[PDB]
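Quick setup: one chain, the form deposited in one PDB entry, written in structure tokens, and binding and motion questions come after.
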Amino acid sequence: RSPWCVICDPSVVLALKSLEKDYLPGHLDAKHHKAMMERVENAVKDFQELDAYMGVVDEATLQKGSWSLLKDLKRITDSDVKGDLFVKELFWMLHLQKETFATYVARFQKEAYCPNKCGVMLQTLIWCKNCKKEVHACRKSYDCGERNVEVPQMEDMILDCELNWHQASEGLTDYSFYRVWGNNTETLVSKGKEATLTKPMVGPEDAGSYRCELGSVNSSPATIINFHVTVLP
């Protein structure tokens, strides 16, 4: 039993207050104001339409919904509609809006929630229960798995650590590239914002293991990828 996430938008709550104070006096009998608003508050305080709902939304989804609703609400108030005509249009409208919004939510859940396929993506969500906006950690396997690379001798080796979702992840730091030696030591060979490591004009000495670590504001890494390099003589 949860609020319609749309009320986490400030313009919506102000539109609704404006409806109460600016629209109701000229358009609905005074004896109905009290109960009308109770009914509207409750329309927004429970969202029954919801793939189990997790109670969260991204800013984009919230905006897509709020913009839809605000537009249609002002369409009602601009029309100057009154009395039972008004009452009926409004609740009718709200119902339809909730449905449309439901759709936007299911879309968000299946398409924009934790879209990473490995590693850990941090993403800001808004919790509908309390309008509180915080960062969620999207955890998929610890790994992102090995790359086989074979490079013709004396061409350039490019190791790409970038995954689709990185540009959208929040709280990321740096791409660390390590070479992994046969005696179980490692050398940090680069550490920076560049998602690829380029090594030009390669020879056999460049064969072996490399590991990429994409760092996070948190303790542990967001993405780990291992590369095994064979140099073709």
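Between two forms, the rigid core is the largest collection of C-alphas that superpose within 1.5 Å. Each residue number is its position in the shown sequence, starting from 1.
There is another form of the same protein, the form deposited in another entry; it is not shown, and what comes next is about it.
Colleague: Only one of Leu70, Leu28, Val180, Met36 shifts by 2 Å or more at CA between the shown form and the other one when the core is aligned; which is it?
Modeller: The listed residue whose C-alpha shifts by at least 2 Å is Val180.
Colleague: Would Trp92 count as moving between the shown form and the other one, using a Cα shift of 2 angstroms or more after superposing the core as the test?
Modeller: No, because once the rigid core is superposed, the C-alpha of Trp92 moves less than 2 Å between the shown form and the other one.
Colleague: After a core superposition, would you say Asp80 shifts its C-alpha by at least 2 Å between the shown form and the other one?
Modeller: No, because once the rigid core is superposed, the C-alpha of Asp80 moves less than 2 Å between the shown form and the other one.
Colleague: Is the C-alpha displacement of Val56 equal to or greater than 2 Å between the shown form and the other one once the rigid core has been superposed?
Modeller: No, the C-alpha moves less than 2 Å.
Colleague: Do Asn218 and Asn130 have their C-alpha atoms closer or farther apart in that other deposited form than here, with the shift being 3 angstroms or more?
Modeller: Compared with this form, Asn218 and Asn130 lie farther apart in that other deposited form.
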